[PDB]
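This report concerns only the one structure given below.
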Amino acid sequence: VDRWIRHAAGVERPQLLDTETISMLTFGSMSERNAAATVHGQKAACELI
Amino acid sequence: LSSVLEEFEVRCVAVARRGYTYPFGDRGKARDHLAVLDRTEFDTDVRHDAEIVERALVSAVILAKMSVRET
Amino acid sequence: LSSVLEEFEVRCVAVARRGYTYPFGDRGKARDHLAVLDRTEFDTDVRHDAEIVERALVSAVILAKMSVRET
Amino acid sequence: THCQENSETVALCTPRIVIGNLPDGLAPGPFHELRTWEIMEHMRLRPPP
Amino acid sequence: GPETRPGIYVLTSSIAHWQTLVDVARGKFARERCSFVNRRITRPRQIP
Amino acid sequence: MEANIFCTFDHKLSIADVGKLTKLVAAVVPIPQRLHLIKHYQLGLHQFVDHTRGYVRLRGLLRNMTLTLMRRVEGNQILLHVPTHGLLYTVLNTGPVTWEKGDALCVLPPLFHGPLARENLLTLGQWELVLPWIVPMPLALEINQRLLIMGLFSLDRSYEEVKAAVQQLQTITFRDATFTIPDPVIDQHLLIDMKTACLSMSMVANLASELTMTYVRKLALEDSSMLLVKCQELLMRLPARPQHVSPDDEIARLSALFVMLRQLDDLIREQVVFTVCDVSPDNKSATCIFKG
Amino acid sequence: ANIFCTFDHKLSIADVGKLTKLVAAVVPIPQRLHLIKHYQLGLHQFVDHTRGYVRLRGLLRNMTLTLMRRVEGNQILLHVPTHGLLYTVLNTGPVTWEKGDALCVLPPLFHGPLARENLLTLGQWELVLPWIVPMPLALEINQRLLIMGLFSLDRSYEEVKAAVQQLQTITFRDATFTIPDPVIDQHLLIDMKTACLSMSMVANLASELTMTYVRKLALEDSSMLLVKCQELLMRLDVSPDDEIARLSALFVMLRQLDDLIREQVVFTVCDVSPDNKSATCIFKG
């Protein structure tokens, strides 16, 4: 069911990243790949029930 | 199947312990069948036995041909 | 030669495995006879077999004296 | 002790059992009677009339 | 392959602690760390 | 590279505020940036403070921090000096552990002694000064052995079973001093260390020679001793021995095994920083050859 | 900074004429001092007729190496090298050197006089100068000695005696060495008896316990490089407190053996003096 969630969301795991890349997450590190063309600049949003 | 299959895993362990000792032309023709050879188990349902012993025939029987270099 | 050649090495290995277990007053003199006790093997030649046996008799018989500590 | 099997002078070790195993000059008999007086004293017991 | 063809890697990094440099080497050379097990699966002769 | 580091303060010093820092002259001070004029907010281990209350993560983040010896309190600045490789400078004791001449020293994260002297010795609006311990090498690595045995022990156990060994494991003893150790338990960094640890244990179990692994049993009937009696109990689970093999194979079967003996022990190993020479009679200052 | 020694014993001119040949040497000093007795010089203060090898290096590991410089009246003017600077260290002599060699210190094991051994005795006292050897020769001689501690337990086999006969001859550039047998008088050295248990104990405990810890990491997945290793762990085939103490019994044997493994370099060869009478080297350690 979790694979169906990642598929329906469209956000597939990048092989759970490198294990050292997970080790750097506790210090904080970028996860998003940079978008290619970005004429509109930085994007942001948030969500609340 | 109790007393019969009780020695089946024993003979399969004998095929494995004898099987590691003998070099082949390459492990890539054997390492997958050697992995299934030791990963064998027995599902609780009797109907899954067709999936059990037949996989050992896919493996160890070819290893005897690999001992003789049969085509 | 069947049962005679077969059980002879088995009893010889049994005398060896039982023989290492018992401490002695020195490992010096005993270790050579303990080595010959294991190294003996059945050569295909027929006339040499008596030397395969009598040389082992030089070992265990002295070990039997060491079981009683004699001279 | 050096017990002798035939053509032998093999070593042997026999543990002591009783406290009275100790030879006199290490546990002389007056010392045993004196300790016996201590046993008759501390244990609270007297001979029958 | 049967004939090893070792690679060579000059590299610069701000890291200065060998205990962490081997750790960042652990997950990056997963094919190589698998290869060290991959010789034992085939050829017990000749030590990896 | 730079031979020295400087710092700037916000909240102003008093008599005691500068006196506690003059007390810390010639003492270890980690930095993470090595800029010529670091801000005090980046100074110290306090920047790695963690509400999850870890410890091993503080150690791994400590692994990359540069060490810099303290010197000269001019006032309103730390005036750190960057140690040079291969020489020596005096170093004050910090960690509550007795020192001896010639022992190796290493950096370890602090933990409360038990009674807890709780001497922060410096504080501002919230920021503090947490100086990592300088401890003798066997003590520096045995705690890593405790955290590693704590990691392997955690698997498949009831919580009372999980904490049963902990009553002995977290209460380490050394030179009369005793220490209780709060632990991350599971902080991923212990897990990734466990993966290379068991991977080393596998090859060390597998690279062993057929006679080398049998060597204890070959010695078992050979001799009788209480250390061997303690040796005997571990190996058994509930007399014959064999001998073969050509001599040349052992030079290979042993050689690669030495690399695993390093790779297995590397994770409990820590880089040395100090080597004491002239111990002070008052048990405070100690000059040390070699630095970071 | 210079370190001094004093000779309370009288110096015959024949001995000081050998001492002047030691313009430099890697003399150990147990404790750095402004002044020190000659009894503290060398490994001779640690000499044992029993333990032999390993203990000589486990006590040598903490020694403070120092070069010789000049000699005066009944006193030595030792000078401690600074790290990284070049120094004209003398060789101990067993092995000819060539450019680029690594160097490290080893306990002495004489086989007659070495190429640079002018004996110097001052009443029972003797100076045993530590080896300066190329690193690969040190790792190989350590492997031969630990192997000698394995096979010596059962000398009697002719294949084993021929095995020791084969491994006894280490070789190098026109070298002709013969490895000393640590196990004099048949009985094993206590150092060999401990160093062999330090490895063989782990050789059993790792073989028994490796399955349970790979087991929990097998159901977890990542690169799954670890999961495949257990299939070859099976090729050679339950208490709580036993599981507790047993791991504490593991690393205690693993750890002291690491000193037998790792060997920090102390010098590196560059230009070589003719007939290897001396060599400049970069000090390290």
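Every chain in the structure tokens takes a letter, A first, then B, and so on in the order presented; its residues are numbered from 1, and the ligands are numbered from 1 following the presented order.
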I'd like the contact shell of residue 3 of chain A - 10 Å cut-off, only C-alpha atoms, skipping same-chain residues fewer than 4 positions apart - returned as a ChimeraX atom specification.
/A:7-9,12-13
Prev. selection, N, CA and C atoms, output as a tab-separated table (two decimals), in the first residue's frame:
```tsv
chain	number	residue	atom	x	y	z
A	7	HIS	N	3.29	6.03	-5.58
A	7	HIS	CA	2.97	6.10	-7.00
A	7	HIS	C	1.87	7.11	-7.28
A	8	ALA	N	0.78	7.05	-6.50
A	8	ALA	CA	-0.30	8.01	-6.70
A	8	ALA	C	0.14	9.43	-6.38
A	9	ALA	N	1.02	9.61	-5.39
A	9	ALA	CA	1.57	10.93	-5.12
A	9	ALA	C	2.53	11.37	-6.22
A	12	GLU	N	8.31	9.14	-6.09
A	12	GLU	CA	9.01	7.88	-5.85
A	12	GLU	C	10.30	8.12	-5.06
A	13	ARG	N	10.66	7.13	-4.24
A	13	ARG	CA	11.89	7.22	-3.48
A	13	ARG	C	13.10	7.07	-4.40
```
Set the distance at 12 Å and use only C-alpha atoms: which residues neighbour residue 58 of chain C once local chain neighbours fewer than 3 positions away are removed? I'd like the list as a VMD selection string.
chain C and resid 30 32 to 37 40 51 to 55 61 to 65
Best match for closeness to chain F among E:32, E:38, E:20, E:43, counting only C-alpha atoms
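Closest to chain F of all the choices is E:20.
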Atom pair atom CA of residue 244 of chain G / atom CA of residue 153 of chain F: separation (Å)
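Pair atom CA of residue 244 of chain G / atom CA of residue 153 of chain F returns 7.3 Å.
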Counting only C-alpha atoms, collect the residues of chain C whose closest atom lies at most 9 Å from chain D, and write them out as a PDB file with C-alpha atoms, in the first residue's frame.
```pdb
ATOM      1  CA  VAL C  68      49.522 -47.014  33.186  1.00  0.00           C
ATOM      2  CA  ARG C  69      52.812 -45.039  33.380  1.00  0.00           C
ATOM      3  CA  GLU C  70      55.383 -47.822  32.942  1.00  0.00           C
ATOM      4  CA  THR C  71      58.803 -48.269  31.297  1.00  0.00           C
TER       5      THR C  71
END
```
Kindly provide the residues of chain G that approach chain B to within 10 Å, each paired with its closest atom pair and their distance in Å to one decimal, based on only C-alpha atoms, listed by chain and increasing number, as CSV.
```
residue,atom,partner,partner_atom,distance
G:228,CA,B:35,CA,9.0
G:231,CA,B:35,CA,7.0
G:232,CA,B:35,CA,9.4
G:234,CA,B:38,CA,8.7
G:235,CA,B:17,CA,6.8
G:236,CA,B:17,CA,8.3
G:237,CA,B:17,CA,9.3
```
With N, CA and C atoms kept, could you save the residues just selected as a PDB file, in the first residue's frame?
```
ATOM      1  N   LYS G 228      23.366 -10.564   1.395  1.00  0.00           N
ATOM      2  CA  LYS G 228      23.945 -11.678   0.654  1.00  0.00           C
ATOM      3  C   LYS G 228      25.075 -12.362   1.413  1.00  0.00           C
ATOM      4  N   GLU G 231      24.645 -15.838   3.257  1.00  0.00           N
ATOM      5  CA  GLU G 231      24.575 -17.086   2.507  1.00  0.00           C
ATOM      6  C   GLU G 231      25.912 -17.817   2.519  1.00  0.00           C
ATOM      7  N   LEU G 232      27.019 -17.076   2.502  1.00  0.00           N
ATOM      8  CA  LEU G 232      28.327 -17.691   2.674  1.00  0.00           C
ATOM      9  C   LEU G 232      28.730 -17.827   4.137  1.00  0.00           C
ATOM     10  N   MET G 234      26.742 -19.292   6.161  1.00  0.00           N
ATOM     11  CA  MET G 234      26.151 -20.587   6.462  1.00  0.00           C
ATOM     12  C   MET G 234      27.032 -21.754   6.032  1.00  0.00           C
ATOM     13  N   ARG G 235      28.066 -21.501   5.223  1.00  0.00           N
ATOM     14  CA  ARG G 235      28.811 -22.586   4.591  1.00  0.00           C
ATOM     15  C   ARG G 235      29.509 -23.488   5.601  1.00  0.00           C
ATOM     16  N   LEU G 236      29.957 -22.937   6.727  1.00  0.00           N
ATOM     17  CA  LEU G 236      30.805 -23.675   7.658  1.00  0.00           C
ATOM     18  C   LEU G 236      30.073 -24.121   8.920  1.00  0.00           C
ATOM     19  N   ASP G 237      28.745 -24.072   8.932  1.00  0.00           N
ATOM     20  CA  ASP G 237      27.973 -24.504  10.097  1.00  0.00           C
ATOM     21  C   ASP G 237      28.196 -25.984  10.418  1.00  0.00           C
TER      22      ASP G 237
END
```
Between atom CA of residue 246 of chain G and atom CA of residue 36 of chain E, what is the distance in Å, rounded to a tenth?
28.0 Å
Once DSSP has gone over the backbone, tell me which residues of segment 1-34 of chain A are in helix (DSSP H, G or I), as a VMD selection string.
chain A and resid 2 to 9 19 to 25
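For residue 6 of chain G, the residues within 9 Å (counting only C-alpha atoms, excluding itself and residues fewer than 2 positions away along the chain) are residues 4, 8, 9, 35, 36, 37, 38, 73, 74, 75 and 76 of chain G.
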When you get a sec, could you note down which chain E residues fall within 8 Å of chain A, using only C-alpha atoms, as a CSV table (one decimal) with C-alpha atoms, in the first residue's frame?
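So result-v7.csv came out as:
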```csv
chain,number,residue,atom,x,y,z
E,23,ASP,CA,32.0,5.9,6.5
E,24,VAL,CA,31.2,8.1,3.4
E,27,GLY,CA,27.7,3.7,0.9
E,28,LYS,CA,29.3,5.2,-2.2
```
Would you tabulate, counting only C-alpha atoms, all residues of chain G that have an atom at most 7 Å from an atom of chain F, showing the closest pair of atoms and their distance in Å to one decimal, sorted by chain then ascending number, as a tab-separated table?
```
residue	atom	partner	partner_atom	distance
G:32	CA	F:277	CA	7.0
G:83	CA	F:86	CA	5.2
G:150	CA	F:212	CA	6.8
G:163	CA	F:247	CA	5.3
G:197	CA	F:216	CA	6.9
G:200	CA	F:213	CA	5.2
G:203	CA	F:213	CA	4.9
G:204	CA	F:213	CA	5.9
G:205	CA	F:235	CA	6.4
G:206	CA	F:205	CA	5.0
G:207	CA	F:205	CA	4.5
G:210	CA	F:202	CA	5.8
G:213	CA	F:198	CA	6.4
G:214	CA	F:198	CA	6.3
G:226	CA	F:199	CA	6.7
G:233	CA	F:202	CA	6.8
G:244	CA	F:165	CA	6.8
G:246	CA	F:234	CA	6.9
G:247	CA	F:149	CA	6.7
G:255	CA	F:265	CA	7.0
G:258	CA	F:262	CA	6.9
G:261	CA	F:258	CA	6.6
```
Could you write out the selected residues, including C-alpha atoms, as a short mmCIF file (atom, residue, chain, number, x, y, z; two decimals), in the first residue's frame?
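Below you can see out_11.cif, which holds the result:
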```cif
data_model
loop_
_atom_site.label_atom_id
_atom_site.label_comp_id
_atom_site.auth_asym_id
_atom_site.auth_seq_id
_atom_site.Cartn_x
_atom_site.Cartn_y
_atom_site.Cartn_z
CA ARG G 32 61.64 12.22 28.83
CA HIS G 83 58.69 16.18 13.78
CA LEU G 150 50.00 -21.29 15.53
CA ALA G 163 56.58 -25.86 6.84
CA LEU G 197 44.18 -16.68 21.77
CA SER G 200 41.53 -17.62 17.75
CA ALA G 203 37.79 -16.86 15.24
CA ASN G 204 35.27 -18.94 17.19
CA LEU G 205 32.98 -16.29 18.70
CA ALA G 206 32.55 -14.40 15.44
CA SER G 207 31.77 -17.67 13.66
CA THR G 210 27.66 -13.46 13.27
CA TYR G 213 23.27 -9.63 14.19
CA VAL G 214 23.13 -9.95 10.40
CA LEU G 226 24.97 -7.18 3.75
CA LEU G 233 28.24 -17.39 6.48
CA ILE G 244 25.85 -9.99 27.39
CA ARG G 246 30.33 -12.77 25.45
CA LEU G 247 30.61 -9.52 23.49
CA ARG G 255 41.89 -4.84 20.90
CA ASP G 258 45.57 -4.16 17.12
CA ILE G 261 48.60 -5.05 13.51
#
```
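Using only C-alpha atoms, the chain E residues found within 12 Å of chain F amount to residues 14, 15, 16, 17, 18, 19, 20, 21, 22, 23, 24, 25, 26, 27, 33, 34, 36, 37, 39, 40, 41, 44, 45, 46, 47 and 48 of chain E.
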Output file for the residues above (N, CA, C and O atoms, as a tab-separated table (two decimals), in the first residue's frame):
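Done, and the output landed in result35.tsv:
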```tsv
chain	number	residue	atom	x	y	z
E	14	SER	N	37.03	18.55	2.14
E	14	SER	CA	37.29	19.25	3.39
E	14	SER	C	37.33	18.30	4.58
E	14	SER	O	37.72	18.73	5.68
E	15	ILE	N	36.94	17.04	4.39
E	15	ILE	CA	36.98	16.07	5.47
E	15	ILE	C	38.42	15.89	5.94
E	15	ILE	O	39.37	15.91	5.15
E	16	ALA	N	38.59	15.75	7.26
E	16	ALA	CA	39.90	15.52	7.83
E	16	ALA	C	39.89	14.42	8.88
E	16	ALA	O	40.87	14.30	9.63
E	17	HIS	N	38.83	13.63	8.96
E	17	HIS	CA	38.69	12.57	9.95
E	17	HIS	C	38.54	11.25	9.21
E	17	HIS	O	37.54	11.03	8.51
E	18	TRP	N	39.54	10.37	9.35
E	18	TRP	CA	39.53	9.11	8.62
E	18	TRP	C	38.37	8.21	9.05
E	18	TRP	O	37.90	7.39	8.25
E	19	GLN	N	37.92	8.34	10.30
E	19	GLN	CA	36.81	7.52	10.77
E	19	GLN	C	35.50	7.85	10.06
E	19	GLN	O	34.64	6.98	9.91
E	20	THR	N	35.32	9.11	9.64
E	20	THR	CA	34.16	9.48	8.84
E	20	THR	C	34.40	9.32	7.35
E	20	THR	O	33.44	9.06	6.61
E	21	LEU	N	35.64	9.48	6.90
E	21	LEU	CA	35.95	9.30	5.48
E	21	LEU	C	35.73	7.87	5.02
E	21	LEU	O	35.33	7.63	3.88
E	22	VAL	N	35.99	6.89	5.89
E	22	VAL	CA	35.64	5.51	5.56
E	22	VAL	C	34.13	5.31	5.59
E	22	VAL	O	33.60	4.46	4.87
E	23	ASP	N	33.42	6.10	6.40
E	23	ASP	CA	31.97	5.95	6.47
E	23	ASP	C	31.29	6.49	5.21
E	23	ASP	O	30.36	5.87	4.68
E	24	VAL	N	31.75	7.64	4.71
E	24	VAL	CA	31.24	8.14	3.44
E	24	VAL	C	31.69	7.25	2.29
E	24	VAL	O	31.04	7.22	1.24
E	25	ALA	N	32.80	6.53	2.45
E	25	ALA	CA	33.20	5.54	1.46
E	25	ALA	C	32.34	4.28	1.52
E	25	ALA	O	32.32	3.52	0.54
E	26	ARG	N	31.63	4.04	2.63
E	26	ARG	CA	30.87	2.79	2.77
E	26	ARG	C	29.72	2.73	1.77
E	26	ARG	O	29.59	1.75	1.02
E	27	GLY	N	28.87	3.76	1.74
E	27	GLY	CA	27.69	3.73	0.90
E	27	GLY	C	27.92	4.11	-0.55
E	27	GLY	O	27.06	3.85	-1.39
E	33	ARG	N	32.09	-2.75	-2.27
E	33	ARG	CA	31.89	-3.51	-1.04
E	33	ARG	C	31.13	-4.80	-1.32
E	33	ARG	O	31.36	-5.81	-0.64
E	34	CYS	N	30.22	-4.78	-2.29
E	34	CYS	CA	29.62	-6.03	-2.77
E	34	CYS	C	30.65	-6.91	-3.47
E	34	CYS	O	30.57	-8.14	-3.39
E	36	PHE	N	33.84	-7.25	-2.76
E	36	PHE	CA	34.68	-7.94	-1.80
E	36	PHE	C	34.00	-9.20	-1.27
E	36	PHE	O	34.67	-10.19	-0.98
E	37	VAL	N	32.68	-9.17	-1.14
E	37	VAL	CA	31.93	-10.39	-0.88
E	37	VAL	C	31.80	-11.21	-2.15
E	37	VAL	O	31.65	-12.44	-2.10
E	39	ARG	N	33.95	-12.02	-4.39
E	39	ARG	CA	35.00	-12.99	-4.67
E	39	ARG	C	34.84	-14.23	-3.80
E	39	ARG	O	35.09	-15.35	-4.26
E	40	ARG	N	34.41	-14.05	-2.55
E	40	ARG	CA	34.21	-15.19	-1.67
E	40	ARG	C	33.07	-16.09	-2.16
E	40	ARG	O	33.09	-17.30	-1.90
E	41	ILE	N	32.09	-15.52	-2.86
E	41	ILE	CA	30.99	-16.32	-3.38
E	41	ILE	C	31.46	-17.25	-4.50
E	41	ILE	O	30.82	-18.29	-4.74
E	44	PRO	N	37.18	-19.09	-3.32
E	44	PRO	CA	37.88	-19.09	-2.02
E	44	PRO	C	39.38	-18.97	-2.14
E	44	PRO	O	40.03	-18.41	-1.25
E	45	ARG	N	39.97	-19.50	-3.22
E	45	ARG	CA	41.39	-19.31	-3.47
E	45	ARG	C	41.70	-17.85	-3.75
E	45	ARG	O	40.89	-17.11	-4.32
E	46	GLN	N	42.91	-17.43	-3.34
E	46	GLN	CA	43.40	-16.06	-3.48
E	46	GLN	C	42.58	-15.08	-2.65
E	46	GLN	O	41.40	-14.85	-2.92
E	47	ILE	N	43.21	-14.50	-1.64
E	47	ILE	CA	42.50	-13.68	-0.65
E	47	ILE	C	42.06	-12.37	-1.29
E	47	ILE	O	42.88	-11.68	-1.92
E	48	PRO	N	40.79	-11.99	-1.18
E	48	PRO	CA	40.40	-10.61	-1.47
E	48	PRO	C	40.99	-9.65	-0.45
E	48	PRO	O	41.22	-10.00	0.71
```
Report, in Å with one decimal, the straight-line distance from atom CA of residue 102 of chain G to atom CA of residue 80 of chain G.
20.4 Å
Contacts of residue 42 of chain B within 12 Å, only C-alpha atoms, excl. fewer than 5 positions in-chain, as number ranges by chain:
B: 1-2, 5-6, 8-9, 47-53, 55
Contacts of chain G with chain A up to 10 Å, shortest pair per row, only C-alpha atoms, as JSON lines:
```
{"residue": "G:221", "atom": "CA", "partner": "A:16", "partner_atom": "CA", "distance": 9.6}
{"residue": "G:222", "atom": "CA", "partner": "A:16", "partner_atom": "CA", "distance": 7.1}
{"residue": "G:223", "atom": "CA", "partner": "A:15", "partner_atom": "CA", "distance": 8.3}
```
What does the file look like for those residues with N, CA, C and O atoms, as a CSV table (one decimal), in the first residue's frame?
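Generated file (again.csv):
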```csv
chain,number,residue,atom,x,y,z
G,221,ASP,N,16.3,-3.4,4.4
G,221,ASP,CA,16.9,-3.3,3.1
G,221,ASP,C,17.4,-1.9,2.8
G,221,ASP,O,16.8,-0.9,3.3
G,222,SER,N,18.4,-1.8,2.0
G,222,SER,CA,19.0,-0.6,1.5
G,222,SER,C,19.7,-0.9,0.2
G,222,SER,O,19.0,-1.1,-0.8
G,223,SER,N,21.0,-0.9,0.2
G,223,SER,CA,21.8,-1.5,-0.9
G,223,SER,C,21.8,-3.0,-0.8
G,223,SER,O,22.3,-3.7,-1.7
```
Any idea what's packed within 9 Å of residue 182 of chain G, counting only C-alpha atoms, ignoring anything in its chain fewer than 5 positions away? Could you give it as JSON, numbers by chain?
{"G": [52, 53, 145, 148, 149, 188, 189, 192]}
When the cut-off is 9 Å and we count only C-alpha atoms, which residues of chain F are near chain C, given as a list in words?
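Taken together, these residues fit the definition: residues 220, 221, 222, 223, 239, 240 and 241 of chain F.
Distances to residue 26 of chain C were evaluated for G:59, G:186, G:194, G:70 using only C-alpha atoms, and the minimum falls at G:186.
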